[PDB]
Structure formats: C-alpha cells, structure tokens
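Report on the following structure.
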Ligand SMILES: C[C@@H](O)[C@@H](C(=O)O)[C@@H]1NC(C(=O)O)=C([C@H]2CCCO2)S1
C-alpha cells in the first residue's frame, strides 16, 4: 500500500479539480508493484468494452478456424451513429477481423454490434470475461444504449482493477493463444482514438496499445493500455472517470494527468 499512499493526495487534488471521480489502477509487471485510487469502484465501460469484445472474438477463433476471415454482410439498418469504417463497406461487407479492428481502432459502433451478435450478445461477452477470471465486468446493453452512464447504475460497468487485470491476462498472460495474443496487441497498438489520453502521458519511444471509451454524458470517459518502456517490462494501467451531472464534460487532459501520476507512483 506504500506506492498507493505516495500519490493519494495528488490523485485527490486531480479529481477535485476535475469535479468528479477518477479511478486508476496501474501494475508494473516486472516488479509487481501496483498503484490504486478508487480502483475497485465501478465506472461505466462506454466504448472501452470493444477491446474486450475483440479479444473474445479472437478466443472464439481458436476453436472456429476461419472465423476471422468470414465475410459479414449487413444492411443500412445495421448502421449505428459513429460507424466510420463499416459505413464505407455497406455495399460490400467486411470480414470478422476487419470488424474487430474497426471496433478497436475507430470505436466503430455498427461493427461492435455485429460482433456482439456473433458472440451471443452482452451476456456472451460477459461470459467470456468470466472465463478468464474476471468477476467484476458486466455488459448488459448494446450500442448506443450502453453509454447512459447513469449515476449508481451498475449496468455496463467494471472497475479499473478488473480492467487492468483482464487486460494483462489477454495481452501478456495466457488467456489467449500466442498468435491471437499478438493480434490483440497489434490491434490495440493501431488504435487511432487515444492520442490525447494515456499515449500523451508516456515517452515518445515507448510502445503503446490502448482502447478508449467516451460515453458523452456525466463526464464519463476512460482509457486502458499496455505500455512498453524501451528494454524493460511492460506496465498495464486503466484510467476511468465519471462526474455527478449529465451535462458535465469529460476531460482527456485529466486522463493523461492521472496516467502520469500512476507512472510516477510506480517509479517511472
Ligand atoms: C458513441 C460515440 O460517441 C463513442 C463510441 O462509439 O463509443 C465514440 N468512441 C469514443 C472513444 O473514446 O473510443 C469517441 C472518440 C472516437 C473517435 C473520436 O472520439 S466517440
């Protein structure tokens, strides 16, 4: 608990200035050191579930060979607001792997709902998370309803600690087979939506894979990431925020600042 106490006061000041709640968990995978602040509280997942969704698809592909290259055709009624990739392939279809990359790297909502259907819905994704030992994660709704971020509502939430623990298992641990694990890392490394969050907190030479979430209400936004300091063991971390009023705005700068404090607490 020593490293957590080191940054406890700076985290409290950061969330006071933000006007809401910040939850952070960070793990140095070399030393095992951790930093926690509200790490066991529930926060809305928002779009960040899409990373775990892609991992669940990769897990299924270990059993169903050829799943990733399966073509998926869809109609205009499958389009959801903010579907920047899948709308460009409406007239052609996309493969499961392309939908997964679009969900991870562009937060594509039509792709996410199509993949949720392939997994058996929100309960199917929740079941995958249970299968890797995550008892906290719950997905309950589809896009876009899952973004309501209602104060006190446990639907479509997890905790920063559970997010970090699951991310570690999937990117660095044994929850996925080696080829699928590297594909998951590669998709996260290619994310385009996180340049102002955890990525803004790390040195330019560090490799980073991340997935963001932005609910659009209640100051609710987040980011989780695996980061590789050059020549050293990776760090896994999650930063989640929420705020009391529906009209409260989220802040990418606060997410980046919290990531910096977590890394400073860990000693890097
Ligand atoms: C409902 C949507 O507003 C939201 C979502 O699909 O979940 C988008 N995703 C996120 C994210 O943080 O992943 C925002 C980013 C993505 C691209 C620029 O804003 S908006």
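Could you pull out the residue among 98, 118, 40 that is free of Cβ contacts under 8 Å to residues at least 40 places away in the same chain and either touching a helix residue (DSSP H, G or I) at 6+ places or on another chain (Cβ under 7 Å) or away from the ligand (no atom under 16 Å from the Cβ) (or both)?
Working: 118 fails: free of Cβ contacts under 8 Å to residues at least 40 places away in the same chain; 40 fails: free of Cβ contacts under 8 Å to residues at least 40 places away in the same chain.
When all the criteria are applied, what remains is 98.
Condition first: buried (at least 21 other Cβ atoms within 10 Å of the Cβ) and either closer than 22 Å to residue 194 by Cα or without any contact (Cβ under 8 Å) to a residue 40 or more places away in the chain (or both). Can you find one or more residues in segment 76-84 that meet it? So that I can check it myself, show each step before the final result.
Initially, segment 76-84 is screened for residues buried (at least 21 other Cβ atoms within 10 Å of the Cβ), giving 83.
So of that shortlist, the ones also either closer than 22 Å to residue 194 by Cα or without any contact (Cβ under 8 Å) to a residue 40 or more places away in the chain (or both) come out as 83.
Within segment 76-84, one or more residues are buried (at least 21 other Cβ atoms within 10 Å of the Cβ) and either closer than 22 Å to residue 194 by Cα or without any contact (Cβ under 8 Å) to a residue 40 or more places away in the chain (or both).
Output the residues belonging to segment 220-267 that are assigned to a loop (DSSP other than H, G, I, E, B) and surrounded by 16 or more Cβ atoms within 10 Å (Cβ to Cβ). It would help to see each step written out before you state the result.
Of segment 220-267, the ones assigned to a loop (DSSP other than H, G, I, E, B) are 220, 229-234, 243-251, 267.
Within segment 220-267, 220, 229, 234, 243, 248, 250, 251 qualify.
Taking segment 201-213, which residues are more than 8 Å from the ligand (Cβ to nearest atom) and buried (at least 23 other Cβ atoms within 10 Å of the Cβ)? It would help to see each step written out before you state the result.
First, the residues of segment 201-213 that are more than 8 Å from the ligand (Cβ to nearest atom): 201-210.
Within segment 201-213, 201, 209, 210 qualify.
Of the residues 103, 149, 111, which single one is out of contact with any helix residue (DSSP H, G or I) (no Cβ under 6 Å at 6 or more places or on another chain) and within 16 Å of the ligand (Cβ to nearest atom)?
149
Given the condition part of a loop (DSSP other than H, G, I, E, B) and touching a helix residue (DSSP H, G or I) at 6+ places or on another chain (Cβ under 6 Å), answer yes or no: does some residue in segment 25-33 qualify? Break it down stepwise before answering.
At the first step, the residues of segment 25-33 found to be part of a loop (DSSP other than H, G, I, E, B) are 29-33.
Within this subset, residues satisfying the condition of being touching a helix residue (DSSP H, G or I) at 6+ places or on another chain (Cβ under 6 Å) are 33.
Yes.
Quick check on segment 184-218: of everything there that is in a helix (DSSP H, G or I) and in contact with a helix residue (DSSP H, G or I) (Cβ under 6 Å, 6 or more places away or on another chain), which residue is nearest to residue 244 (Cα to Cα)?
Looking only at segment 184-218, we keep the residues that are in a helix (DSSP H, G or I), and these are 184-189, 198-201.
Add one more test, that the residue is in contact with a helix residue (DSSP H, G or I) (Cβ under 6 Å, 6 or more places away or on another chain), and what stays is 184-185, 187, 198, 200-201.
Values: 184: 34, 185: 34, 187: 33, 198: 23, 200: 26, 201: 26 Å.
Taking the candidates together, the pick is 198.
How about segment 123-146: which of its residues are within 15 Å of the ligand (Cβ to nearest atom), in a helix (DSSP H, G or I) and surrounded by fewer than 20 Cβ atoms within 10 Å (Cβ to Cβ)?
Within segment 123-146, 145 is the sole residue that qualifies.
A quick yes/no check of all residues on (1) within 16 Å of the ligand (Cβ to nearest atom); (2) within 17 Å of the chain's Cα centre (by Cα); (3) surrounded by fewer than 19 Cβ atoms within 10 Å (Cβ to Cβ):
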| residue | (1), (2), (3) |
| --- | --- |
| 153 | no, no, yes |
| 163 | yes, yes, no |
| 170 | no, yes, no |
| 174 | no, no, yes |
| 177 | no, no, yes |
| 184 | no, yes, no |
| 187 | yes, yes, no |
| 199 | yes, yes, no |
| 215 | yes, yes, no |
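Residues being in a loop (DSSP other than H, G, I, E, B) and without any contact (Cβ under 8 Å) to a residue 24 or more places away in the chain: count how many of those fall in segment 58-75.
To start, the set of residues in segment 58-75 that are in a loop (DSSP other than H, G, I, E, B) comprises 64-70, 73-75.
In the following step, the residues that additionally are without any contact (Cβ under 8 Å) to a residue 24 or more places away in the chain were identified as 64-66, 73, 75.
Summing the residues that are in a loop (DSSP other than H, G, I, E, B) and without any contact (Cβ under 8 Å) to a residue 24 or more places away in the chain in segment 58-75 gives 5.
To keep it simple, each residue is scored yes or no on (1) within 16 Å of residue 57 (Cα to Cα); (2) more than 14 Å from the chain's Cα centre (by Cα).
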position: 104; (1), (2): yes, no
position: 113; (1), (2): yes, yes
position: 124; (1), (2): yes, yes
position: 128; (1), (2): yes, yes
position: 132; (1), (2): yes, yes
position: 135; (1), (2): no, yes
position: 142; (1), (2): no, yes
position: 145; (1), (2): no, yes
position: 148; (1), (2): no, yes
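Quick check on my filter: what residues within segment 147-170 are more than 25 Å from residue 181 (Cα to Cα) and assigned to a helix (DSSP H, G or I)? Even if it seems obvious, please write down each step before you answer.
Here is the first cut: in segment 147-170, the ones more than 25 Å from residue 181 (Cα to Cα) are 147-155.
Selection gives 147 alone.
Can you confirm whether segment 73-90 contains a residue that is under 17 Å from the mean Cα position of the chain (by Cα) and within 13 Å of the ligand (Cβ to nearest atom)?
First, the residues of segment 73-90 that are under 17 Å from the mean Cα position of the chain (by Cα): none.
No, because not a single residue in segment 73-90 is under 17 Å from the mean Cα position of the chain (by Cα) and within 13 Å of the ligand (Cβ to nearest atom).
Using the structure shown, decide if residue 55 is touching a residue at least 12 places away in the same chain (Cβ under 8 Å), more than 14 Å from the ligand (Cβ to nearest atom), touching a helix residue (DSSP H, G or I) at 6+ places or on another chain (Cβ under 6 Å) and assigned to a helix (DSSP H, G or I). So that I can check it myself, show each step before the final result.
Numbers: touching a residue at least 12 places away in the same chain (Cβ under 8 Å): yes; more than 14 Å from the ligand (Cβ to nearest atom): yes; touching a helix residue (DSSP H, G or I) at 6+ places or on another chain (Cβ under 6 Å): yes; assigned to a helix (DSSP H, G or I): yes.
It is true that residue 55 is touching a residue at least 12 places away in the same chain (Cβ under 8 Å), more than 14 Å from the ligand (Cβ to nearest atom), touching a helix residue (DSSP H, G or I) at 6+ places or on another chain (Cβ under 6 Å) and assigned to a helix (DSSP H, G or I).
Methodologically, a virtual Cβ is constructed for each residue, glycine included, from the backbone with ideal geometry; neighbour enumeration extends over all protein chains shown. Where a number appears in this text, it was derived from the coordinates with a stated rule and is not lab data.
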